[PDB]
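One structure below.
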Amino acid sequence: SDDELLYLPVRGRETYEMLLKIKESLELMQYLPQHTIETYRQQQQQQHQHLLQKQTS
Amino acid sequence: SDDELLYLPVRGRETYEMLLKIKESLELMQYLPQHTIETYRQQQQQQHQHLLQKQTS
Amino acid sequence: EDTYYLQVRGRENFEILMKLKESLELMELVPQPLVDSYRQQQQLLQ
Amino acid sequence: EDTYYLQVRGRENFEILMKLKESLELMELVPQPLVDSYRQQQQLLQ
Amino acid sequence: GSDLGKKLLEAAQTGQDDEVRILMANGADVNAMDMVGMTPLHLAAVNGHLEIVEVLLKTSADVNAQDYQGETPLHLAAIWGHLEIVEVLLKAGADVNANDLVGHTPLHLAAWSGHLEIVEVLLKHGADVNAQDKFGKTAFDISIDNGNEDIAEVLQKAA
Amino acid sequence: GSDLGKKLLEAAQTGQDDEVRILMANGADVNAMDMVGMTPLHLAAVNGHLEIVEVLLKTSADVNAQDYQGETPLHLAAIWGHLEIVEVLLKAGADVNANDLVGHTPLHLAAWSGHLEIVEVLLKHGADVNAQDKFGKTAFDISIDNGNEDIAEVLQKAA
């Protein structure tokens, strides 16, 4: 049994292309092994060691 | 005589909606008087007085 | 107040984002009735 | 190196952007052949 | 639609009187439409360019031309508060009761913006105070919403 | 498509062996498809879950099931370098020469990734070294592109 196939009407090339880059990135994640995800997510957890702040003076 | 009417095919609600917010913002600018634009643009020129930089230490 | 800073790589990328920053910031200055006419227009074209 | 910082107002807005940051950063790890299969698939559905 | 057409839209928008006259002399389309369907006359009305409005009104340009949203030059002179332009559009045969797509009359839009003198002129030319938009609202109903008490009372006196 | 179907896709992806067995016992669809058309067997192959692959291959699940891109579990075990999984898929009747939408065989994708042992196994099961993708490229042509000299020479010896 398949996921439901919906359609999204998009006014214009530019919005379409943008939504396509987005959809593509969300869907093709499915092809990644968890070893790859977990590597990514540990990379990301380690970015938190050094947190973002707005600097002053 | 009218501007050419092109159509942009968009896969999905989400990309469509995003491209619609964009198109809308680009088109509806036409309704603004130059006094309003020029006010905006002087506001923007004055933001340059204080430039953005990445802070350190 | 509600000003936000960001950073982008690539001159072409910066130019697109400045074009949209402009058009999105100016949207607040468009009288609501003309916005409503406009959104009416888009719905009619469906 | 080519890391970029940005700032967003609104928790819902941050969540969408974190979802897409994830999916866009992971795209580099998708073997090109499977990307090519995928884009082939999209063109066929036209 | 045409090169001179776009230049004339832009000259009308930016208040380039001599450019307008020269583009028109060279045969620029006075019915040129921008991306929202506005004519040079619309854009001259938006941007407050009275001389350019008067010039364009000496041509075949339709004073009651509708953009893609159904706005006439009189809608846009009204909302942006260009009293002189409102006056000459009305003299040139502007329909005082023209409806845009959501059923706004120039009176709704003068009410919305709080332009008192322009509400007065629109009433003087027979603006219909009992006209309802898509959302069932009079000029009055909108003056109320937008806290325009001066205009609220002028509108109630006329209904 | 179904609730148990999605849980089984996710249990297969995440290597939850007991969950897989329990979902299947409770009647979870073994042909459930994710958003790219992958079956639990595809996802077990991607993620290297040998036990889960062996379990699913004792069901009606099609070993040659194609996702929306034409990838079979053998394509994905091949590209991600899961030698044991490649071996059991081949034993379970995996088509060694299955084509995806751009004409990649499992051999193209093992070549692409530089998985030498897997190229060897695919040849051993009769991989066709003379197969061309959409872009006119053999396994060989791709080993060359991706600087896989070991695999380049194994492929040339077999053609």
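Labels below follow one simple rule: chain letters A, B, ... track the order of the sequence lines, proteins then strands, and each chain is numbered from 1.
Looking at A:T56, only its backbone comes within 4.5 Å of chain B, counting heavy atoms on both sides. There is no contact between A:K21 and chain B, counting heavy-atom distances below 4.5 Å.
Here the CD atom belonging to B:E17 is positioned 13.0 Å from the CZ atom belonging to A:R11, to the nearest 0.5 angstrom.
More than 12 non-hydrogen atoms from other residues, nucleotides or ligands lie less than 6.0 angstrom from CE of B:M29. Within 6.0 Å of CD on A:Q34 lie more than 12 heavy atoms contributed by other residues, nucleotides or ligands.
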